[PDB]
Amino acid sequence: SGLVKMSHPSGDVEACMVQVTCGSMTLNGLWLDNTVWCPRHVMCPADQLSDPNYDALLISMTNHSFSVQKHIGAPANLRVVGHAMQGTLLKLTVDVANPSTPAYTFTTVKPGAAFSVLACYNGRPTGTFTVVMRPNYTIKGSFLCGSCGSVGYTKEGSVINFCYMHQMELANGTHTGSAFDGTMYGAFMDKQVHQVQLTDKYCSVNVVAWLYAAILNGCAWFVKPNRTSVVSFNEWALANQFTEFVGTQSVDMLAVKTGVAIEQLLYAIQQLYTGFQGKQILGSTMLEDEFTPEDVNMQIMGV
Amino acid sequence: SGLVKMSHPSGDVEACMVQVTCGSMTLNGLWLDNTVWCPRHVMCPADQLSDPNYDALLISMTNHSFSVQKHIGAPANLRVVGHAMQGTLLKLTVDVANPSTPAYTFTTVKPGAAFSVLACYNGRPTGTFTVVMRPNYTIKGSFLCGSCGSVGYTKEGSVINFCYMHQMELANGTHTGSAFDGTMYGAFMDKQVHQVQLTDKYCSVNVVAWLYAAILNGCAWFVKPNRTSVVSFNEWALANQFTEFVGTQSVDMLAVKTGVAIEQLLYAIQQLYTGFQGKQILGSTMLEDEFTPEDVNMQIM
Ligand SMILES: *[C@H](O)[C@H](C[C@@H]1CCNC1=O)NC(=O)[C@H](CC(C)C)NC(=O)OCc1ccccc1
Ligand SMILES: *[C@H](O)[C@H](C[C@@H]1CCNC1=O)NC(=O)[C@H](CC(C)C)NC(=O)OCc1ccccc1
């Protein structure tokens, strides 16, 4: 198929990762300009994680409660000169600006969108992978104890858009974190209690992109002349655990390159949801929603 | 499952990528110490990729025929002061040693084993992904025009083991390349003609690891008391498009943590191959061979 889970090269972000230690708890931080970001439950005692009072924990801290260390590249112990709490994140101001700060922005990812993750333990990057923000605001990641503060991002040009800081593993095997405005994705809360999670959905726009990728690879058995309008598909999706389809220029590019209209694939999805009739698509017998229209454009067509 | 396709952080390898131009052909090179490695077909004009005489092309090159440029980090134009051909690769000697040269070795990767790929264009890293070397010595990569010289590697502690330099896409969707001794993986030639692709097979050790990943996540409906010896399974495997199983300490670790014997999962594979009978394993109805015993051990400790 030529489609793989492709992450951004992680070098620019590796040079920003630090270890943050507060008392007995230790995890990862992101060092940008004079600021280090990390999850606020690094303040919390390991025997108080269900019902922490983060406001009281904050009050009890000083600048000297925080130990910030960079082990990668040029090592350094960074002097914390200020501390603040924003939602589920701390902002630690340090006396040294990171000389390796890339051009960056902060942004929020939406369901169906993909981003790269740099998994870190004790301030050391250990691996990278890409995930899709699920419609229930979890990601299907690979995170163990000590991974919090691991960072997710996309890149536009030379600009890194940080969009995720890892916080938590849910009862199923999935994961969630905060955007860098400090709000948790999907109104989970960063406390060690059992929380209900929304039910997931198929990302319709991503299924469509994937079927275009099959067509680009010559696999078009599911294509028929029949069509389903976007309006009627979206009414259909609400009754069948799919997100509503919202067209983008990226999808339009796939339609023009293949001669297959979006509505034909929308009709195809309604049929394929009932069953693949034995046959498979790109080696799969189920619908796949982990590739975006941008991924198909980049990887198959170099756009 | 806690299972994703995870590649190594790429920073160390990003600092070693360069762009190598010869004539009107451009692609990527790997700059280690004073050597720049790149695919020899940089010397070949595009109209002649079908049957290149690399002996003659190399003869007609001079040091000045090659331009090597570093775009990432501190940009630099390196003087080529020697050029040599080793199998399907060129080894260019440049006047200055890469000051970012990591600790490294060269190895060859075996079928079933996973490695990370740094995909590059014009010497600029653009993506990273992980692959398993298939039994027919292809990889299911994502490569376009201009990606040759992209590099595959594993990392042991602080040592990078370079094992793959990208060369070509085959008629099906797959890709192959060279080891750093210059030999192509699996009987291919760096000539643009259609060539015989051998048949792929399932990587049984990887199916075994995946079944252990399932057990670890409480999905053990397929486990029975029945056993198939490694010997009997391997005779069966040659008949059914499976690699022969060879145990390792990594698989043994999974057998011990779960208490389920390798020979139980081999019996399971034989039944599962005929069909899952509407059942599911970690969200699939076909066997999965893309995750190694090592992946399962590390990601699901
Ligand atoms: C935060 O560093 C970290 C993330 C977890 C660790 C296990 N896998 C992860 O992704 N650990 C936490 O314990 C997190 C912090 C709460 C105060 C929000 N809590 C959590 O993930 O609870 C679920 C859980 C913990 C340990 C194992 C399995 C699930
Ligand atoms: C080197 O840049 C290139 C990588 C190919 C380009 C398309 N996708 C790839 O992975 N390798 C070649 O172009 C290779 C050169 C031979 C002398 C080894 N030829 C090749 O791969 O032909 C197949 C092909 C070419 C162009 C598009 C699709 C398939």
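Residue numbers start from 1 in every chain, and the chains themselves are labelled A, B, ... in the order their sequence lines are given, proteins ahead of strands. No hydrogens, no waters, no symmetry mates; every other heavy atom, side chains included, goes into these values.
Rounding to the nearest 0.5 Å places CZ of A:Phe129 at 8.0 Å from CD of B:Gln299. Rounded to the nearest 0.5 angstrom, B:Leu3 CG and A:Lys140 NZ are separated by 13.0 Å. Rounding to the nearest 0.5 Å places OG of B:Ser7 at 10.5 Å from CE of A:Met6. How far CG of A:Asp12 is from CD1 of B:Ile72: 8.0 Å, rounded to the nearest 0.5 Å. To the nearest 0.5 Å, atoms OG (B:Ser10) and CG (A:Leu118) are separated by 9.0 Å.
Of the atoms belonging to A:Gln299, heavy atoms from both backbone and side chain fall under 4.5 Å from chain B. Only the backbone of A:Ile300 comes within less than 4.5 Å of a heavy atom in chain B; its side chain stays farther off.
Within the 4.5 Å cutoff, the side chain of A:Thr128 has no heavy atoms near those of the B:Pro9 side chain.
What you find for B:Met301 and A:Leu144 is that their closest heavy atoms are CG-CD1, 3.7 Å. A pairwise comparison of heavy atoms in B:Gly2 and A:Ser142 identifies O-OG, 3.0 Å as the closest pair.
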